[PDB]
Amino acid sequence: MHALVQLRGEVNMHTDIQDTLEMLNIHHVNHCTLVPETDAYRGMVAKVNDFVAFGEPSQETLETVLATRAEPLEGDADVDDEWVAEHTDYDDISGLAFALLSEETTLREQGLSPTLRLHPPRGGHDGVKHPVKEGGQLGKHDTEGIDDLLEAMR
Amino acid sequence: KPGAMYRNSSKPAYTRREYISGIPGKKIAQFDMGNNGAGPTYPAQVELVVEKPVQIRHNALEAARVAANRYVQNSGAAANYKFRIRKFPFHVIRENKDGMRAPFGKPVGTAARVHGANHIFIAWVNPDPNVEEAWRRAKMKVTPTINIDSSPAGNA
Amino acid sequence: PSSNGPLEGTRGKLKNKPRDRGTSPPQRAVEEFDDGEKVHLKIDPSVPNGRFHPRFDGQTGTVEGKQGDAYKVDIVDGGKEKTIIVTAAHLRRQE
Amino acid sequence: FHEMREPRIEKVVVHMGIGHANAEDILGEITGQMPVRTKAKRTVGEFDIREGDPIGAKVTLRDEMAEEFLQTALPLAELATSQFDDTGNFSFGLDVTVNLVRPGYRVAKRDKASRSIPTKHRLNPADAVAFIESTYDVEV
Amino acid sequence: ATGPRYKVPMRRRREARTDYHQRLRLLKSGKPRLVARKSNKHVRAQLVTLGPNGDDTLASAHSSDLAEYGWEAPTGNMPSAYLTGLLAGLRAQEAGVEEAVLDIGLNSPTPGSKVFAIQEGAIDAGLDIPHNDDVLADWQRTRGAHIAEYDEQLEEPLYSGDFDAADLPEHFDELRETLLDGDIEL
RNA sequence: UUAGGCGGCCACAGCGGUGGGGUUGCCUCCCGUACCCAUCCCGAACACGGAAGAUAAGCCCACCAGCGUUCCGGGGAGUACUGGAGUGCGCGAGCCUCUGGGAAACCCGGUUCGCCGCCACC
RNA sequence: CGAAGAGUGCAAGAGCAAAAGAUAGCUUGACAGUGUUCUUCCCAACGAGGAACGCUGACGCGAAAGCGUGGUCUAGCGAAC
RNA sequence: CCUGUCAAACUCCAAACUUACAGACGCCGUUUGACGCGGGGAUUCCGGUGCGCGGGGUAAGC
Ligand SMILES: [Cl-]
Ligand SMILES: [Mg+2]
Ligand SMILES: [Mg+2]
Ligand code: NA
Ligand code: NA
Ligand SMILES: [Sr+2]
Ligand SMILES: [Sr+2]
Ligand SMILES: [Sr+2]
Ligand SMILES: [Sr+2]
Ligand SMILES: [Sr+2]
Ligand SMILES: [Sr+2]
Ligand SMILES: [Sr+2]
Ligand SMILES: [Sr+2]
């Protein structure tokens with residue numbers, strides 16, 4: 001399961017690429033989505049590769065982000081262990097976070113908005129004109145690397 | 001006309017003679033030089049390697065070839081060496097010489124397309140490299156920068 | 001194009017690979033298809049008659065009855081749906 | 010082994026290539047059966063401004079008609095060797131062509147399941163001279 | 001095969017056994033075929049159908065099994081041919097085959113021919129087959145009269161040993177009779 | 001399939017070559033022209049009638065990889081080319097990195113001297 | 001020996017070998033009526049023209065399946081009054 | 001035999017890629033009625049630039 005974060009705007013973005021981001025439920029810069037690793041999805045994220053930051057996050061980071069940014073499929077309700085317990089097939093955020101990673105469910109399937117609307121990266125990111133291997137912030141990241149990003153956008 | 005007008009591969013391949021007519025003959029006298037009676041069985045084999053893809057008109061091919069071979073008469077009219085210009089000018093080139112109206116050009120010449128790193132000239136000799144000087148003069152009359160390369164010689 | 005006939009620019013697609021040259025096997029010129037069956041459309045260079053407009057090569061239509069021995073195949077050209085008269089010789093079952 | 014390998018005379022074609035005839039009258043007398051005319055393909059300056067038209071005639075003799083002919087035709091000829099085809103054939107001369135071959139020939143002349151005779155069953159120049167020579171006359 | 005481009009005929013063309021042009025016009029009918037083939041000693045009639053992996057023989061008869069019903073004569077003549085046609089035809093009937101189209105292969109459509117007799121036989125078996133009475137033998141020849149009268153110009157018995165002495169087309173009348181009702185393998 | 005008929009795919013089946021097989025179920029070559037039918041001339045062929053002879057042809061079986069072909073491993077080659085991205089380089093024609101794909105020639109070694117369906121048959 | 005380099009009326013590209021080529025013989029389907037579909041006009045409306053494919057009629061050749069709605073396919077065409 | 005070269009109107013090969021149809025996942029539609037159909041009203045038929053691929057031209061803010 002990968003964390004997908006749009007870091008490059010829509011303007012001048014090819015339409016079928018932007019259309020793909022929207023199919024992955026992201027419609028704004030900095031929004032994040034948890035996409036399971038399937039041949040199908042892999043093709044999608046490869047297409048979006050140059051406008052996103054993606055990689056498998058750690059249980060802890062995914063838990064932090066869910067606690068700090070997850071939202072109800074409808075409403076401004078707070079998503080905490082109490083919320084998760086009385087609304088989801090899980091007992092606490094961790095349980096959820098674990099199911100998401102093990103790809104046994106999705107945020108929508110549990111009644112949460114598919115997107116995690118993140119805050120701009122504190123201290124800024126590595127840049128949107130180069131991929132990870134070249135020192136930029138685009139493309140596939142280390143679990144350690146993707147975590148650094150998500151934590152900064154917490 | 002200047003090399004400027006044709007040195008670049010900026011047009012589609014135009015070589016089919018079944019559809020092109022009136023192509024000027026070639027100014028290149030020979031392609032095999034030296035004791036072409038003998039085989040490439042020599043100790044040293046140096047070669048002139050073009051460093052950029054370009055189109056070389058037969059005009060420059062003949063000037064460079066002469067410049068080198070003529071000089072390789074530091075070895076003698078019937079000396080002991082081999083020399084081959086391995087490229088042939090297949091690309092027919094034109095010139096629009109009514110302004111931009113019906114401007115397809117008329118055949119005015121032919122050039123050889125040579126890609127970066129291909130060797131245009133190859134010489135075969137005994138430890139008698141007066142040829143390296145022959146190519147300094149040769150590379151002196153063709154568009155691209157070139158590098159002289161000794162292919163089989165540990166006889167420093 | 002310099003002209004606009006039915007075979008304009010059909011040099012490649014209406015040409016057989018050297019080994020597929022010569023009269024084609026009759027087995028497939030007699031194949032029977034059922035209404036509703038998905039079929040691929042491709043003209044057979046060796047077969048003169050029963051062809052459809054070359055523009056439609058590559059289409060995969062749905063058989064919907066027949067006219068004489070030829071078949072009536074439904075397809076969607078762009079966004080417009082058309083019907084194509086085509087003999088077995090130029091069709092192959094899908095999958 | 011042999012027998013189904015020993016040479017045979019399958020057809021003797023006698024023809025005259027005039028280029029104009036009543037020559038059919040004599041070709042029919044010296045052979046025994048009715049002749050047939052030969053047309054000439056392609057037109058030529060030698061006044062052959064006609065493609066489909068009589069230029070000559072011929073007669074193909076098979077079996078007895080052929081032997082009864084060669085018995086009185088071979089004596090007329092002389093030469094041999096360097097006058098024999100690679101297929102063990104030979105022609106001399128009005129022309130006289132003798133077609134020789136081994137027993138299983140029909141396999142390449144029939145309609146159904148035809149097949150071209152294997153080079154091993156194919157007659158040979160030498161095998162030909164032998165057969166003929168071994169039948170009322172001499173070689174070279 | 002000289003190289004990459006060389007074109008090798010289809011197998012059955014290579015072997016000179018299947019005329020694919022005639023075969024096509026043949027299949028157009030949509031009907032089964034009355035494949036009529038023959039040899040020097042025997043004759044054969046098969047009712048064939050088209051199949052996903054090759055043709056299908058639904059019925060058939062061979063002059064060899066003609067004996068099983070009382071045939072004591074040679075098997076490469078007209079009476080044999082007719083009878084085999086009838087035998088296969090009858091078997092076809094049982095199998096549910098109602099009609100067919102004559103497939104004479106690489107044989108010639110010679111009037112009076114055996115392939116045509118094979119056809120008359122199958123038609124008499126009740127099979128509906130597109131034909132032309134004007135191209136079929138005149139019955140008496142089918143019975144083998146042409147062979148009896150040939151033996152009339154005796155001097156030496158036609159068949160080396162075999163049966164009879166002066167031959168019997170009547171033997172044919174017996175077999176046709178024996179076939180038009182009852183009997184096993186039918 | 002101890003030799004057959006009709007095929008499907010239409011060279012993995014082609015080209016060329018070696019060996020084996022017939023009182024018989026057979027296929028053939030073969031023998032023969034009174035008939036049906038045939039030759040713009042020939043029972044050569046086509047057609048018909050038939051078994052004295054043969055396994056030399058064909059055919060069927062077993063096999064050989066020199067040529068042609070199908071596929072596979074290794075090398076060529078992740079090269080050539082390339083869909084996406086870049087305030088990366090180059091005076092420039094042009095190149096490079098990242099991401100997703102990815103040849104061809106050729107060399108070397110294997111495979112391939114058809115496979116499959118239906119009917120018939122010591 | 002020879003899968004095709006010939007030939008097939010004419011450009012070019014394409015098709016064709018027990019033929020779509022050659023020869024011979026016979027024949028007039030280069031036929032009448034009325035349509036379907038595509039084309040003309042990719043997608044997407046537009047006429048004349050064209051083609052493929054049906055039904056009916058009448059025929060030719062063939063043993064028959066079948067072939068013939070002109071010449072193997074794509075040019076050779078023209079509104080109202 | 002060997003040795004040196006090519007192709008917009010060459011191809012024994014052969015991509016990336018584009019494309020028909022179907023299934024899956026995604027997204028979307030069934031009170032926001034999508035897909036589709038019928039009708040009213042248009043405007044519009046001087047375009048330009050970057051990037052990729054171009055064809056012409058020595059080139060061009062052609
Ligand atoms: Cl037969
Ligand atoms: Mg909300
Ligand atoms: Mg043997
Ligand atoms: Na074909
Ligand atoms: Na044999
Ligand atoms: Sr240009
Ligand atoms: Sr002016
Ligand atoms: Sr220079
Ligand atoms: Sr004979
Ligand atoms: Sr400059
Ligand atoms: Sr790969
Ligand atoms: Sr036609
Ligand atoms: Sr395209």
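Chains as they are written, first to last, in the deposited numbering: chain V, 1 to 154; chain H, 1 to 97, 109 to 167; chain P, 1 to 95; chain D, 10 to 29, 35 to 107, 128 to 174; chain M, 1 to 186. Ideal placement from N, C-alpha and C gives every residue a C-beta, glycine not left out.
Three-state secondary structure (DSSP) of M/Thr-57 | strand
Does DSSP put P/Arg-92 in a helix, a strand or coil?
-> strand
Are the CB atoms of H/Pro-155 and H/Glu-51 nearer to each other than 9 Å?
-> yes
Under the three-state DSSP convention, the category D/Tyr-170 falls into | coil
Quick one: does M/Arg-176 have its CB under 9 Å from some CB of chain D?
-> no
Same chain, Cβ closer than 8 Å to P/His-90, neighbours up to 5 away in sequence not counted | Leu-41, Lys-42, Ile-43, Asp-44, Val-47, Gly-50, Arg-51 and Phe-52
Coarse secondary structure for H/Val-142, derived from DSSP in three states | helix
Which one of V/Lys-129, V/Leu-150 and V/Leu-116 has the shortest CA to CA distance from V/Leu-73?
-> V/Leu-116
Step through the CB atoms of chain M and report whether any lies within less than 9 Å of the CB of P/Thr-23.
-> yes
Using beta-carbon positions only, say whether residue 159 of chain V and V/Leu-34 come within less than 9 Å of one another.
-> Only positions 1 to 154 of chain V appear in this structure, which leaves residue 159 of chain V out of reach.
Could you round the C-beta distance between M/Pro-32 and M/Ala-100 to whole angstroms and report it? I think they count as a contact, below 8 Å.
-> 5 Å
How many whole angstroms separate the CB atoms of M/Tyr-69 and M/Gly-121, which I take to be in contact at a CB cut-off of 8 Å?
-> Between M/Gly-121 and M/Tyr-69 the Cβ distance is about 14 Å, and since that is not below 8 Å, they are no contact.
Measure how close the beta-carbons of M/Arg-91 and M/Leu-186 come, nearest whole angstrom, since I'm counting them as under 8 Å.
-> That pair is a contact at about 6 Å.
Within the 9 Å Cβ cut-off, does M/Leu-106 reach chain D?
-> yes
Verify the CB distance criterion: does D/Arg-149 have a CB-CB separation below 9 Å to chain M?
-> yes
Rounded to the nearest angstrom, how far is the Cβ of M/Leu-24 from that of P/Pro-26, given a contact under 8 Å?
-> 4 Å
Starting from the C-beta of V/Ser-58, find all residues in its chain whose C-beta is less than 7 Å away, skip the five residues before and the five after it, and write them out in chain order.
-> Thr-143 and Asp-147
Taking only heavy atoms of ligand 4 into account, decide whether any of them is closer than 8 Å to the Cβ of P/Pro-45.
-> yes
Does M/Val-8 come within less than 9 Å of chain P when only Cβ atoms are used?
-> Interface residue, yes.
Beta-carbon separation of H/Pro-53 and H/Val-125 under 9 Å?
-> yes
Whole runs of the beta strand (DSSP E) within the stretch 26-109 of chain M, excluding any shorter than 3 residues = 33-38, 43-49, 56-62 and 101-103
Give me the Cα-Cα distance between M/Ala-36 and P/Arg-28, rounded to the nearest whole angstrom.
-> The alpha-carbon atoms of M/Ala-36 and P/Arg-28 are separated by roughly 24 Å.
M/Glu-170 versus M/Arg-143: straight-line alpha-carbon distance, rounded | When rounded, the distance between both Cα atoms is 7 Å.
DSSP three-state assignment for V/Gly-43, whether helix, strand or coil | helix
Mind listing the chain M neighbours of P/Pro-48? Cutoff is C-beta to C-beta under 8 Å, in chain order.
-> Simply none; closest approach about 13 Å.
Count the other C-beta atoms from every protein chain shown that fall within 10 angstroms of the C-beta of M/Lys-38, then say buried if there are 16 or more, exposed otherwise.
-> Within 10 angstroms of the beta-carbon of M/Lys-38 lie 16 or more other beta-carbons, which makes it buried.
Does any residue of chain M bring its CB to less than 9 Å from the CB of P/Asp-34?
-> no
Residues of chain P with a CB under 8 Å from the CB of M/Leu-50: which are they?
-> What M/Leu-50 touches in chain P: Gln-27 and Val-30.
Got a sec? Which residues, its chain only, sit under 8 Å from H/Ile-20 by beta carbon, not counting five neighbours each side?
-> Leaving aside the five residues that flank H/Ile-20 on each side, the residues in its chain whose CB is nearer than 8 Å to its CB run, in chain order, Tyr-14, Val-92 and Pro-118.
What did DSSP end up calling H/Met-111 once you bin it into helix, strand or coil?
-> coil
Mind reading off the beta-carbon distance from V/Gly-55 to V/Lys-140? Whole number of angstroms is fine, and I expect it under 8 Å.
-> 6 Å
May I ask you to report which of helix, strand or coil DSSP gives H/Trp-135?
-> H/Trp-135 falls in the strand class under three-state DSSP.
Among the residues of its own chain, which have a CB less than 8 Å from the CB of D/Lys-53, if the five just before and after it don't count?
-> Sequence-distant partners of D/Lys-53 (beyond 5 residues in either direction) whose C-beta falls short of 8 Å from its own C-beta, in its chain, are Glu-65, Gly-66, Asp-67, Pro-68 and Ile-69.
Along the chain, where does the beta strand (DSSP E) that runs through P/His-40 open and close?
-> First-last of the beta strand (DSSP E) with P/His-40: 38-41.
Is the CB-CB distance between H/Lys-87 and H/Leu-61 below 9 Å?
-> yes
Checking contacts by CB at 9 Å: is P/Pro-18 closer than that to chain M?
-> Yes, P/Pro-18 lies at the interface with chain M (some Cβ there is under 9 Å from its Cβ).
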